[PDB]
Amino acid sequence: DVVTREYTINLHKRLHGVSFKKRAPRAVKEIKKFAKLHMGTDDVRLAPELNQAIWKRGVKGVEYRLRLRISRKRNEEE
Amino acid sequence: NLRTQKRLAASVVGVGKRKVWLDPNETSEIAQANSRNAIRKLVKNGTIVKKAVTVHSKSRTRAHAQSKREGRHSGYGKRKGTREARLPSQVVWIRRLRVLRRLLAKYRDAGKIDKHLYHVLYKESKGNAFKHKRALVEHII
Amino acid sequence: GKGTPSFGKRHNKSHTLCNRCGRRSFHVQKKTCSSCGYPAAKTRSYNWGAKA
RNA sequence: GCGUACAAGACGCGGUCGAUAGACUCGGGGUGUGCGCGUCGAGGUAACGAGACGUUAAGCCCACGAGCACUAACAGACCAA
RNA sequence: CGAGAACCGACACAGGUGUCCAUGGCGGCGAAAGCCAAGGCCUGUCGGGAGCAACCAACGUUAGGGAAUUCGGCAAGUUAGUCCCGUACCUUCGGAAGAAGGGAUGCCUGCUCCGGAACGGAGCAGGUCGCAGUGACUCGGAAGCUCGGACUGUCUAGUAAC
RNA sequence: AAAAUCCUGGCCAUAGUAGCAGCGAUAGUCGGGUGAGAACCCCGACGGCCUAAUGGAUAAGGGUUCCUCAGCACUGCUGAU
RNA sequence: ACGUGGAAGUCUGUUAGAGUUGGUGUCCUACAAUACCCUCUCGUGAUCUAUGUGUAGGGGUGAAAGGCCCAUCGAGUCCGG
RNA sequence: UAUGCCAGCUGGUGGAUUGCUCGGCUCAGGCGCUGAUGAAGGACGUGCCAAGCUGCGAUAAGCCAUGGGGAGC
């Protein structure tokens, strides 16, 4: 069901990746897979919402640790 | 996809190609476009609307403009350029020595200074003897 | 000299098709030729090559 | 899930009978006192004013440690005389 | 189309190829740097993974010493903007010269002077923060002796610029 | 013809190897659309790149490369709707 | 002394544009049959540049290196002998 | 007994070989000039769709007459 969990996203952004290339794309990837293997779903749309939030500044600058809302439904896995 | 629509859209929109919205989620409509009238219809049903043009920063320039251009944020250790190239001579110099010459031509003209003492001041101002008109006047006595 | 480019850059028209000789052949800085005819009113040949 | 290891491979440790990694808090450290406001400040009618002091061992920050199961070490697969 | 794919170069070639927009903002001497509009782009077109070892290309920082390196300080570094002070031998009296060397530089509050005025310039007094005020960027290391050619200029398109 | 660094064609090893990184322009990421198929085709958001130019208008030169529709055997430094 | 002014095959300058010293770096089956990057020289002048136009092979053109005359030069290239 | 060597077999790749000849090569007999009445030659046009070639020429792969030919074009 709905749950709130914090996404940790240093592990990728600034940890690796390109600082002045991605950050933003890295962030989405990480987020996509903590919501997943949590829910146990293949992947979730997750945007827009925390996508402006993720890149609401430059690509390079990234925000560490975004909390989120989560919803899943029983049908095709969401 | 609907690159072509993008062709219109900004056109009868009057914006650049880059700044032309897309829905999204309205890609069925816009998609089936194919007519300039079609694209400007869907424009009406706001699905087709773009904007978000950038604006001048005004941050670096503003407060700085009103500070410098006034005494401040200047000095030695800001100004580049020689002494000239900012506050030039051969410019200021004709700011005075121009006015001055005038007010020793409206005098001895006016008749106030005879013609022996307008002569003297005459080439004694076009020879760095003066400061400002008032200084000129004072020596005039 | 050698293609660099240093050559090929030259964007000048030359050696266009001649009126009567299908080949382009005719220069524009020249008068007419580099294939048969013009200036000579005949055909152009030259034995620089074929044995006669 | 991590390193006492490492170019691939290898190696080593831990996996809820758990402190392996992250978060948070504290300890231990680096800079050198924050924003704001108050007083002072050469002066200037005034506007304005570089800067000084107080608040403030401040503020900001950490690739280390500890506490702590909150989060993630799930789930489960396979090979084998 | 007019070009890091429509042109020439065998190619969707990091090369070559004329003109006008030189008045977009901050910056500053500036058609400079840096940052940002308008406009254009993610096609200088293969991706995924390992703290990602050795080795290589570009590059940053290295204590104490400071050219011991080397044919040679090659390479890199140093200096740097602006104002004030001051400036040797020599000299064709032009120069040498930015010689050298020394000092200053931010911000804030209130002002004076030049000018018709500028969002122009030059100063004054007081207050005040930092290790550092041309805080990035932009930005000369300096001096002497000798040889040659007087100087600016020309040259081996493709190992020689003297 | 066994031979001439012999001529022409075909073919093996080399190798699933080198290159598809290096350039002051390091550029994508998350959702979604279409599709038999999508890392690179399109939409949005976020993040960036270019500022005498990766912007605008043109000369030469090219010559239909322009627009639309349908396509993917060829071409595209991978893939491609 | 102050002003007048502004001359210059004058100076600084990656303004544009031109040139090409060192790195003997990168590349050296290249991006390239002369390239890339940093450095460096000139930048009102005997300057740079587009287009048009003239000079032709024992001939031209040459601030002269035997340099250049379409990747060809101590005698171009093509074909013929 | 992997990696693998030599020979064969089935399939492929390749296009030799054999066979074939709408092309060449050579000899021989005959015949032999065209053009301003534009060959002559060249240019540009001309087709339902037409880029090349050929043919034509704004009457434009053609128009008319006579003869031949013949059920196709």
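Listed in order, the protein sequences are those of chains BW, BP and BY.
Per the entry's author numbering, the first sequence starts with residue 5, numbered consecutively.
Per the entry's author numbering, the second sequence starts with residue 2, numbered consecutively.
Per the entry's author numbering, the third sequence starts with residue 1, numbered consecutively.
We treat Cβ as the ideally placed atom computed from N, Cα and C, and that holds for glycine.
From residue i to residue j, what distance separates their C-alpha atoms?
i         : j         : result
BP/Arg70  : BY/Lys2   : 58 Å
BW/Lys25  : BW/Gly65  : 11 Å
BP/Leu105 : BP/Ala64  : 43 Å
BW/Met43  : BW/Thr8   : 12 Å
BP/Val92  : BP/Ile142 : 28 Å
BY/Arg10  : BP/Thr28  : 49 Å
BP/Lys51  : BP/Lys79  : 42 Å
BP/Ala86  : BP/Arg96  : 17 Å
BP/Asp24  : BW/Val32  : 22 Å
BP/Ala66  : BP/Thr83  : 21 Å
BY/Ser35  : BY/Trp48  : 14 Å
BY/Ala41  : BY/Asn12  : 28 Å
BP/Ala39  : BP/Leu9   : 10 Å
Return the residue from the list the options that minimises the CA-CA distance to residue i.
i         : options                                      : result
BW/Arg61  : BW/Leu15, BW/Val7 and BW/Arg27               : BW/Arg27
BY/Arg20  : BY/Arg10, BY/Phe7, BY/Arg44 and BY/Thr4      : BY/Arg44
BW/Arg30  : BW/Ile13, BW/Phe38, BW/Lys40 and BW/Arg78    : BW/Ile13
BW/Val48  : BW/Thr8, BW/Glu81 and BW/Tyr11               : BW/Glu81
BP/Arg102 : BP/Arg84, BP/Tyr123, BP/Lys116 and BP/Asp110 : BP/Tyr123
BP/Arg37  : BP/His57, BP/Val14, BP/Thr48 and BP/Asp24    : BP/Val14
BP/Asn46  : BP/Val54, BP/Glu30 and BP/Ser58              : BP/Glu30
BP/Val54  : BP/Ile95, BP/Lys113, BP/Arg87 and BP/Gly17   : BP/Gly17
BW/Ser75  : BW/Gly21, BW/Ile58 and BW/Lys40              : BW/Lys40
BP/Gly128 : BP/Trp94, BP/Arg109, BP/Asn2 and BP/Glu139   : BP/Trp94
BP/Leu98  : BP/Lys132, BP/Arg109, BP/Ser75 and BP/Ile114 : BP/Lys132
Would you please state the rounded distance, in angstroms, between the beta carbons of residue i and residue j? I believe it to be under 8 Å.
i         : j         : result
BW/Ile35  : BW/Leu50  : 6 Å
BP/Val21  : BP/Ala11  : 4 Å
BY/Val28  : BY/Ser6   : Their Cβ separation, rounded to whole angstroms, is 22 Å, which puts BY/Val28 and BY/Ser6 out of contact at 8 Å.
BP/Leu137 : BP/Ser126 : 6 Å
BW/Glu10  : BW/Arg69  : 6 Å
Buried or exposed: which applies to residue i, given that a residue is buried once 16 or more other Cβ atoms fall within 10 Å of its Cβ?
i         : result
BP/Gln6   : buried
BY/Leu17  : exposed
BP/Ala111 : exposed
BY/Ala50  : exposed
BY/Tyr38  : buried
Does DSSP put residue i in a helix, a strand or coil?
i         : result
BW/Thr12  : coil
BP/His74  : coil
BP/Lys7   : helix
BP/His140 : helix
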